[PDB]
Every structure is written in C-alpha cells, then in structure tokens.
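Chemist: According to the working numbering, the sequence shown is numbered sequentially starting from 1.
Using N, Cα and C, we set each Cβ at its ideal position, and we do this for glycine too.
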Amino acid sequence: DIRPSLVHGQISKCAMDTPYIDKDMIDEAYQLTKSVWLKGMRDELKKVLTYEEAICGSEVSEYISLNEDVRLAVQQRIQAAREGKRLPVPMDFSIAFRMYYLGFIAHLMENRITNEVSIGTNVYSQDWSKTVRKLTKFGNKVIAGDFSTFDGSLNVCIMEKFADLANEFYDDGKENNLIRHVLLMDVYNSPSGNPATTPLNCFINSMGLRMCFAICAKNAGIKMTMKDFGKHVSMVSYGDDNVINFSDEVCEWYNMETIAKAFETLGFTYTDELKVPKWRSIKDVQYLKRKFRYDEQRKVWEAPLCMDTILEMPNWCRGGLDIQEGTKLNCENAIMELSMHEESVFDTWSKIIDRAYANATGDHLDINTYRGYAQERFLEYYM
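(1) Tell me whether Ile113 sits in a helix, a strand or coil according to DSSP, three-state version.
(2) Return the first residue and the last residue of the alpha helix (DSSP H) that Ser129 is part of.
(3) For my contact list, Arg98 and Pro195 are in at a C-beta cut-off of 8 Å; report their separation, rounded to the angstrom.
(4) On the three-state DSSP scale, how would you describe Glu264?
(5) According to DSSP, what are the bridge partners of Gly145?
(6) Following the continuous beta strand (DSSP E) through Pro4, name the residue where it begins and the one where it ends.
(7) What's the gap between the Cα of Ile119 and the Cα of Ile113?
(8) Give me the residue from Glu312, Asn140 and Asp69 with the minimum Cα distance to residue 440.
(9) Is DSSP giving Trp349 helix, strand or coil here?
(10) Take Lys261 as the anchor and find which of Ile95, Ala214, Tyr100 and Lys174 has the nearest alpha-carbon.
(11) Pull up the DSSP beta-bridge partners for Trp301, would you.
(12) In the DSSP assignment, what residue or residues form a beta bridge with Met235?
(13) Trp316 bridges to which residues according to DSSP?
(14) Where does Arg280 fall in DSSP's three states?
(15) If we call anything under 7 Å between Cβ atoms a contact, is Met235 one with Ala29?
(16) With three or more beta-carbon pairs closer than 8 Å as the criterion, would you say the segment 27-46 touches the segment 290-309?
(17) Does the count of Cβ pairs from the segment 249-265 and the segment 130-150 closer than 8 Å reach three?
(18) Can you tell me whether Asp347 is buried or exposed, with buried defined as 16 or more other CB within 10 angstroms of its CB?
(19) If contacts are defined as beta-carbon pairs under 8 Å, then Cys331 and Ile353 qualify, I think. What distance do you get, rounded to the angstrom?
(20) Could you give the distance in angstroms between the alpha-carbon of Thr361 and the alpha-carbon of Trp253?
(21) Identify, in the order they occur along the chain, each residue of the same chain with its Cβ nearer than 6 Å to the Cβ of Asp186, setting aside the five sequence neighbours on each side.
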C-alpha cells in the first residue's frame, strides 16, 4: 500500500566448532550474560500476560502495548505447548509468545543500553549520548557489523539458552518453563523489529561476542578468560546489528578481523556494513541507520539518518484517503531528521523539500528552524 507523494521526483584453525567441545564455553557465556541482562529486574514485570493484556496491553510498563477465533487458537497453542507439542506457524503464535515473553522484553527495555540490549533506544533523547558513553568506555576503538547464520549447529545451542534466561527472569516453575522453550522453537518461523527475533538476536550478539573473546584469547596465547570480557569490551546490539568497543590492550588480538573469523567457527558471518579495517572511531560507524555526531556548538550527541534514507522519505506515501497529509508529514519528518545533521546540510535540503511541497500543493510545511528543532529536543529529553 505505497504510492508516490505530491513531491515525488522533485528532490534533487580453519575448521568449525561442534556442540560437543563448546558446551562449556556456551554455558559460561550464558552465565556472564545473565549477570548483565537481569540487572535491574522488578518483580512487577515477572508475570505472564493475558490474552487481553497481550492483545490490548498492560500498564505495568510503558513498553507493554477473528476475535474469539484468534483467542481460541492462542488457547489451543498454549495447551499444545503445555503438553510439550508444537503447532504449525503465525498470529496466534505472536500473541502466545507475547503472553509468555513480553514481561522479560519490557524488563530489558527498561534497563536498556547499559545491559547491551538497545531495544527501546529513543534516538533523539539522551539515549544516543548514553550509548556513546557505553561505546567509548574502554578506548577510542570500535567496530560495528551484523551477523548471519550459515550453520545453525551452534546457533541452536545458544538459542535454547535464551529461553533459559527468560525462564530465570520470570521464575514461574516447570510448566511455564516448557511453554517458553516450545514457543521459542518457531521464533524464526513466524529501526522497528518484532518482539520475537530481535531480543533473541540481541542475546546471540551478547553471547557470541563473549565466546569470540574466549576463542580469540586462546588463539593468541593471551592469559585471559571469558571472565575478563568485562574489563575490555563494551557493546550494544539491536537484533543482529552491533557496535563493539574494545580496550587498546586487547586491541591487536580481538579486533574486527579476528572476531569475524571466530564467528565463522561458530557458524556465523560477521560483516562490516561500512566497507575491512581492524577497528574504527565512533564517529565513523553507523548504527540503526544513523551515525554518532557531536555538535561542536550545542555540545550534544545526535543521530542523523542516512542521507539516502532521508531524501527518499518525502518521495512516498501510504495509499489511502489522505495523500496530501502523507506528503506533508513525510516532508516534515524528513526535515526534522535533517535537523540532527550538520547545519550546512539542513539549510540545503529543508529549502528544497519545503519549496517542493509549496510549489506543488499551494500550502506550506509546518516546520522549525535548525535551532528550533534542537531546542524542542533539549526542552523534552534533557532537563
């Protein structure tokens, strides 16, 4: 349901590990990751949702947001799950997953960034600065990339540890533990992201980057174990995209080149989306399709969108019974998202995008100034 806006086209070893040898390596990364993920859990979120609270939402957290048919499916799916069986997957799934996992997801969202899960990041708030704090915490060296499985022999062993982790959070006993393991088995079968894979993928990032530390250390004779991960690496992930900060000490043997190889021995492909240097500065990486920029005048950390994504934004509309409103909002968002860019840039494209909407609609966009946009963010998230 997408069509063009009123201003459309006017904006111009060499092996692979097996589950047998890495059983203890995984079981130790789970322990090191539990220590981090469960920091800050409140008993107020450790409850299984209802069909209503899954569908409509609860108010226990701000992150908890063909009628009796779907509700009956969900009830039959949880019964199969309770009995240890699995049903086919795709809508009754998502609901049953949310019922049994969204408390945990909300917990992670409430303690975000510092627990390496950046699900919930408010790009325009201090969360960007709080993220730059985390990624410049052991040095000026960072890498950023994204993983893809090509052999899930080891991914499955890691994945079952995600349910184990959520089961530890909720602490609700054997029957709900099994439901959580059974639901997770079809997670894959069912910048936004859904609450089924993105937390899980976050977990694989937190877990695999620890295993690579252990692997990369033994490969290089470093006298460090996975426990030392805490003293040289600080990372955040969003699904399967990550930014990794590492100490200058470990820099030479745990960089982007050695981490990528360590991933291949677990079945993964770690790729650098900004083509490979062994490391980089935080002002060169990209995350959630944005960068990290410091305005050497307003003294703040800001998250400018890709120019490609910003300029392709006034070009389209949701097909409906408002299309001038679509072109309006998207031109306004695109200018607002230009506000976090370098002011030179904002002057150039706010003019173009605004002249186009007017010189096509006989209207004018409801925009702000470079300073004004900044101030509306300052007034909202910083004091």
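Modeler: Let me lay it out:
(1) Secondary structure of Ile113 (DSSP, three-state): coil.
(2) Start and end: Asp127 to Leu135.
(3) So it is a contact: roughly 6 Å between Cβ atoms.
(4) Secondary structure at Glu264: helix, using DSSP grouped into helix, strand and coil.
(5) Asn242.
(6) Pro4: member of the beta strand (DSSP E) spanning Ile2 to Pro4, first to last residue.
(7) Whole-angstrom Cα-Cα distance: 8 Å.
(8) Residue numbering for the chain in the displayed model covers 1 to 383; residue 440 lies beyond these limits and cannot be assessed.
(9) In the structure shown, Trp349 sits in a helix (DSSP, three-state: H, G or I).
(10) Residue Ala214 holds the alpha-carbon nearest to the alpha-carbon of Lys261 among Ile95, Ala214, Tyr100 and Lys174.
(11) Paired residue(s): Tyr294.
(12) Per DSSP, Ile244.
(13) Answer is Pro4.
(14) Here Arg280 sits in strand by DSSP.
(15) No. Outside cutoff.
(16) With a cut-off of 8 Å, the segment 290-309 and the segment 27-46 do not count as touching, because too few Cβ pairs lie within range.
(17) The segment 249-265, when compared against the segment 130-150, does touch it at the 8 Å Cβ threshold.
(18) When all chains shown are included, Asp347 counts as exposed.
(19) About 5 Å separates the CB atoms of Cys331 and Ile353; that is less than 8 Å, so the two are in contact.
(20) Each residue's alpha carbon lies about 58 Å from the other.
(21) Around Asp186: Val89.
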